[PDB]
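First the structure, in the form of structure tokens, and then the observations on it.
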Amino acid sequence: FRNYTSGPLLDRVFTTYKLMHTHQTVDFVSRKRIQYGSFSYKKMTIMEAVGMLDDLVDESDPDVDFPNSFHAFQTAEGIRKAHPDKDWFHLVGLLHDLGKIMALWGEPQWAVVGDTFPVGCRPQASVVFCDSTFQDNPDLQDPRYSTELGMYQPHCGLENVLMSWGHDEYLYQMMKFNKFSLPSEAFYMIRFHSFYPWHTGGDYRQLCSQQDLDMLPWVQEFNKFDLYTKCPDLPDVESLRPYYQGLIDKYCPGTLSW
Ligand SMILES: O[C@H]1[C@H](O)[C@@H](O)[C@H](O)[C@@H](O)[C@H]1O
Ligand SMILES: [Fe+3]
Ligand SMILES: [Fe+3]
Ligand SMILES: [O-]
């Protein structure tokens, strides 16, 4: 499945989980939201950004030791074959992990990729490596953040929660700034696709609004393709490019701000 008890990749993902749960604090996320929130680093098309990820392997992913750009196409393809009628959703597959361009810009990987969690409240039991990787996090020594709800009001809504910083929130905010013309569902899925304690573990319902609950099956449906299309046998990217460019032209055309 996705194996955190066995695997030939488990040490590197154990390091990045340990480093991520150590340094992802309320302060850190507040800093990074500003650092990236103006989308002033680069100008690029989707396929340019996709190609940039020809240069990136994920250290938090125990299912995968090849360029992450191949996984973009694999996820897109899996979705396209299961949901022929929803082209916007094919594209969400191609797009979802494009926020990882941040690791090519010198961000450490624990600050880019990986299962997300809410920062500013106590980590819940389904956070990977929760029992063993949070003891050097300064926020857990802070009474403002060490309780179940921490800085949050019950059922505030995930859109009102400060998530540990990485690819999902970067891309969510990117797509708003660039005004992608995808459905609300698309933005939501990308923004919370890493939030495994929530969509897979049964955790963080204290923070959920009814709207979040309603979105859960969409993110669970996205997640099964994100996860299970991961395979060493790679797509014919050159073959597929025209199809995806056609969707890019419809939903998020031209040079974009990153
Ligand atoms: O190792 C994976 C990879 O980093 C994904 O892009 C991320 O969304 C997943 O949550 C993580 O588990
Ligand atoms: Fe991801
Ligand atoms: Fe992914
Ligand atoms: O992902």
Side-chain angles (χ1 to χ4, degrees), residues 2 13 16-17 20-21 23-26 28-37 39 41 46 49-50 52-53 56 58-61 64 68-69 71-72 75-76 79 88-89 91-105 107-120 123 126-128 157-178 180 182-201 203-204 207-208 211-212 215-216 218-227 230 252 256 258:
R2 52 178 226 146
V13 358
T16 79
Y17 283 119
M20 181 193 97
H21 300 149
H23 297 102
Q24 291 263 12
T25 66
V26 172
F28 182 79
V29 181
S30 299
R31 286 167 37 210
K32 292 299 185 190
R33 288 189 173 202
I34 286 140
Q35 177 174 350
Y36 294 97
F39 309 94
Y41 263 73
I46 296 303
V50 166
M52 284 187 77
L53 298 182
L56 195 274
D58 224 87
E59 320 177 298
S60 68
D61 207 308
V64 172
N68 191 73
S69 65
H71 155 67
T75 302
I79 290 173
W88 65 262
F89 191 26
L91 215 219
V92 166
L94 183 80
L95 293 169
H96 79 277
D97 283 336
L98 290 176
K100 293 165 156 165
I101 56 169
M102 288 186 287
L104 277 42
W105 296 337
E107 279 303 342
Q109 274 201 39
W110 64 262
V112 180
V113 304
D115 287 359
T116 44
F117 66 101
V119 114
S126 52
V127 167
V128 242
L158 302 180
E159 68 171 22
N160 291 313
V161 168
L162 229 57
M163 291 305 298
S164 60
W165 176 263
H167 78 301
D168 310 10
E169 176 66 9
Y170 168 87
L171 199 63
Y172 170 76
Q173 293 291 352
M174 185 280 273
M175 303 189 295
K176 292 264 105 172
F177 184 91
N178 284 298
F180 283 37
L182 295 161
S184 311
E185 286 80 4
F187 286 85
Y188 197 99
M189 278 161 10
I190 286 162
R191 189 184 203 174
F192 300 110
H193 79 273
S194 306
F195 189 13
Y196 273 79
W198 179 63
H199 64 58
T200 299
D203 284 334
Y204 296 101
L207 304 175
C208 282
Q211 149 87 166
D212 297 311
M215 279 292 175
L216 202 55
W218 274 109
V219 2
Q220 290 177 351
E221 182 66 7
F222 173 72
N223 171 259
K224 89 186 211 262
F225 300 107
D226 187 18
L227 217 203
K230 288 171 190 167
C252 48
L256 281 1
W258 307 76

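This chain uses plain numbering: 1 for the first residue, then up along the sequence.
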Kindly compute the distance separating [atom1] ([X]) from [atom2] ([Y]), expressed to the nearest 0.5 Å.
X: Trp110; Y: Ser164; atom1: CH2; atom2: OG; answer: 10.0 Å
X: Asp203; Y: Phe195; atom1: CG; atom2: CZ; answer: 8.5 Å
X: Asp168; Y: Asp97; atom1: CG; atom2: CG; answer: 7.5 Å
X: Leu171; Y: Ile190; atom1: CG; atom2: CD1; answer: 5.0 Å

Nearest heavy-atom pair of [X] and [Y]: which atoms, and what distance?
X: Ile101; Y: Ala49; answer: CG2-O, 4.1 Å
X: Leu94; Y: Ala76; answer: N-CB, 3.5 Å
X: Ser60; Y: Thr16; answer: CA-OG1, 3.7 Å
X: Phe28; Y: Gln24; answer: CD2-OE1, 3.6 Å
X: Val161; Y: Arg33; answer: O-NH2, 3.8 Å
X: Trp165; Y: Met102; answer: NE1-SD, 3.5 Å

Query raised in the report: Using the ring of each side chain (for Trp, its six-membered ring), is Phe187 parallel, tilted or perpendicular to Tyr172, with breaks at 30° and 60°?
Result: perpendicular
Report task. Answer yes when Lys32 and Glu107 have at least one side-chain N-carboxylate O distance shorter than 4.0 Å, and no when they do not. Result -> yes
**Report entry** Salt bridge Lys100-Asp61, side-chain N to carboxylate O under 4.0 Å
**Finding:** no
Query - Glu159 atom CD, over 12 foreign heavy atoms within 6.0 Å - result: no
Would you say that [X] contacts [Y] through its side chain, given a criterion of any heavy-atom pair below 4.5 Å between the two side chains?
X: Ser194; Y: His167; answer: yes
X: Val127; Y: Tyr204; answer: yes
X: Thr25; Y: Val119; answer: no
X: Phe180; Y: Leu95; answer: yes
X: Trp198; Y: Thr116; answer: no
X: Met163; Y: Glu169; answer: no
X: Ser126; Y: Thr200; answer: no

Would you say the ring centers of [X] and [Y] fall short of 6.0 Å from each other?
X: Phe192; Y: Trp218; result: no
X: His96; Y: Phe222; result: yes
X: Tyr41; Y: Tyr36; result: yes
X: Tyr170; Y: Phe39; result: yes

Query raised in the report: Are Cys252 and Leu91 close enough, and set up right, to give a side-chain contact (heavy atoms from CB on, under 4.5 Å), and what steps lead you there?
Result: CA-CA 10 Å; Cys252 48; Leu91 215 219; 4.0 Å; yes
Donor-acceptor pair, side chain of [X] and main chain of [Y], under 3.5 angstrom:
X: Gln220; Y: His199; answer: yes
X: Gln109; Y: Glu59; answer: yes
X: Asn178; Y: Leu256; answer: no

Report task. Would you check if there is a donor-acceptor pair between the side chains of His193 and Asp226 at a distance under 3.5 Å? Result -> no
Requested in this report: List the steps and the verdict of side-chain contact (heavy atoms from CB on, under 4.5 Å) for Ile79 and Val92.
Outcome: CA-CA 9 Å; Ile79 290 173; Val92 166; 5.6 Å; no
Requested in this report: Test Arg2 against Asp115 for side-chain contact (heavy atoms from CB on, under 4.5 Å), laying out the working first.
Outcome: CA-CA 12 Å; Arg2 52 178 226 146; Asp115 287 359; 3.0 Å; yes
**Report entry** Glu185 vs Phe89, side-chain contact (heavy atoms from CB on, under 4.5 Å): CA-CA, chis, key distance, verdict
**Finding:** CA-CA 9 Å; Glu185 286 80 4; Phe89 191 26; over 6 Å; no
